[PDB]
**Q** 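Below is a structure I'd like to ask you about.
Letters A, B, ... mirror the listed sequences (proteins, then strands); counts begin at 1. In what follows, every heavy atom counts, from backbone to side chain, and hydrogens, waters and symmetry copies are set aside.
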There are 2 protein chains.
Amino acid sequence: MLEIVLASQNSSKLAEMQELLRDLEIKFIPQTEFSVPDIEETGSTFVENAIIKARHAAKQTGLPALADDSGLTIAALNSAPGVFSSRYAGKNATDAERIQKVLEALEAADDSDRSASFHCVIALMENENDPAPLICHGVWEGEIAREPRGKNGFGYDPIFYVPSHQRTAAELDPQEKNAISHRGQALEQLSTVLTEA
Amino acid sequence: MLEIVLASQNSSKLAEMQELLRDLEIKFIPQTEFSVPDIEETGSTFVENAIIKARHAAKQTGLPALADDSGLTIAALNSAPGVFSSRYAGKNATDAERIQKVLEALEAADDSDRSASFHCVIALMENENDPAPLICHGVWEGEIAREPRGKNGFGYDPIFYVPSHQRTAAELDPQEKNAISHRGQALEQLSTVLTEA
Ligand SMILES: [Ca+2]
Ligand SMILES: [Ca+2]
């Protein structure tokens with residue numbers, strides 16, 4: 001049984017992964033099971049943070065490690081909030097607060113372009129010295145709505161309008177969102193590689 | 001016309017690029033046309049270094065920038081020389097010196113497994129603050145020979161045995177190498193993306 005450490009403490013991320021690779025002989029183990037502490041994300045790109053976290057987990061555990069970083073990028077805001085997606089409305093802020101700051105920022109930029117994208121970058125390291133980690137990059141293109149809509153999901157989901165569905169991410173059923181999202185796409189890229197291996 | 005800064009002083013890499021995207025309305029400008037000072041690669045992965053270089057070029061020039069990092073990974077040496085491929089026997093060591101160093105490292109490891117692979121990671125940054133650069137990753141699988149052979153190529157080519165061709169990279173005609181190498185693959189990925197864009 002191939003053992004891979006998951007850097008994330010996020011339970012939904014682990015569950016999504018187990019579901020994804022259910023037919024493969026691979027076992028994901030949260031880094032917390034090795035008492036690995038979180039490491040600070042200091043990169044300016046998702047890929048840099050994904051690597052930082054995977055390399056850390058691999059270093060401490062001695063096993064292969066997989067990490068991801070994700071965020072919302074808005075064209076009119078020069079790709080902000082980007083890697084500051086979680087920090088966009090200050091520390092200790094809520095999802096609702098962050099949504100409002102994004103809406104205000106666009107309002108202030110008064111730029112007709114509401115284009116935006118969700119990104120998920122997964123990095124898989126064989127060990128901490130791996131110079132060529134597997135990189136999977138999922139991209140989900142949409143638009144920022146004028147006001148929050150939808151009961152599902154989390155974070156910026158309520159203002160992420162999905163043109164193909166004429167609904168926001170928060171309006172989609174969970175399964176449908178997870179099938180077409182930036183995470184879904186990254187995960188399918190990962191599965192293709194792992195399955196082939 | 002779209003202008004992209006190439007963060008490389010290598011004339012062959014520029015020529016290969018122009019040749020590759022000859023049908024596209026893109027002009028590649030070497031960073032030397034902007035007097036960009038070279039920056040130090042501090043990453044432990046090719047992708048990290050490509051991003052460093054691309055980010056630097058974009059910041060200094062104000063234009064989108066493309067960069068690459070490349071190396072040889074040898075399984076018996078835990079993926080070494082890896083990101084130190086261009087530093088393996090000293091910053092000023094000749095290609096011949098590095099080859100000998102690799103051969104010596106291998107015979108010291110006493111591992112019947114001579115599996116190795118060339119890597120080329122390309123990163124394209126819209127600007128210095130781009131959190132989601134395009135990453136193209138070309139991989140070329142082969143093995144390390146026991147002695148150098150072949151009149152073509154450069155660097156580690158004389159000891160990169162290519163099972164599919166029963167020759168080293170240096171023995172291949174230049175056009176054949178370029179069609180199958182880690183760089184050729186990375187460039188084809190870039191071209192697909194840029195063309196469809
Ligand atoms: Ca993050
Ligand atoms: Ca280099």
**Q** If you count heavy atoms of other groups shown closer than 6.0 angstrom to CZ of B:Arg167, is the number above 12?
**A** no
**Q** Shared ILVMFWY cluster between B:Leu24 and B:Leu6, side chains joined below 4.5 angstrom?
**A** yes
**Q** Counting only non-hydrogen atoms closer than 4.5 Å, does B:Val83 touch chain A with its backbone (N, CA, C, O), its side chain (CB onward), both, or neither?
**A** both
**Q** Shorter than 4.5 Å, heavy atoms on both sides: which option in B:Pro131, B:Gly71, B:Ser117 has the most such pairs with chain A?
**A** B:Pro131
**Q** I need the minimum non-hydrogen distance between A:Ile51 and B:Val47, along with the two atoms involved.
**A** CD1-CG1, 3.2 Å
**Q** Just wondering, are more than 12 heavy atoms of other shown residues or ligands nearer than 6.0 Å to NZ in B:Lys13?
**A** yes
**Q** A:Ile29 and A:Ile26: same hydrophobic cluster, using ILVMFWY side-chain contacts below 4.5 Å?
**A** no
**Q** Counting heavy-atom pairs under 4.5 Å to chain B, which of A:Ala80, A:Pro133, A:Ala132, A:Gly82 comes out on top?
**A** A:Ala132
**Q** Heavy-atom pairs under 4.5 Å with chain A: which of B:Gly43, B:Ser79, B:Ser44 has the most?
**A** B:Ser44
**Q** Name the option with the most non-hydrogen atom pairs under 4.5 Å to chain B; the candidates are A:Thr73, A:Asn129, A:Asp69, A:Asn78.
**A** A:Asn78
**Q** The criterion is salt bridge (charged side-chain N to carboxylate O under 4.0 Å, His left out); which residues satisfy it with A:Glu188, sequence neighbours excluded?
**A** none
**Q** Return the option, out of A:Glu126, A:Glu48, A:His119, with the maximum number of heavy-atom pairs under 4.5 Å with chain B.
**A** A:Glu48
**Q** List the residues meeting salt bridge (charged side-chain N to carboxylate O under 4.0 Å, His left out) with B:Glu141, not counting sequence neighbours, and say none if there are none.
**A** none
**Q** To the nearest 0.5 angstrom, please state how far the CD1 atom of B:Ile135 sits from the SG atom of A:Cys136.
**A** 12.5 Å
**Q** For atom CZ of A:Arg87, is the number of surrounding heavy atoms from other residues, nucleotides or ligands below 6.0 Å larger than 12?
**A** yes
**Q** Side chain, backbone, both or neither: which part of A:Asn127 has a heavy atom under 4.5 Å from chain B?
**A** side chain
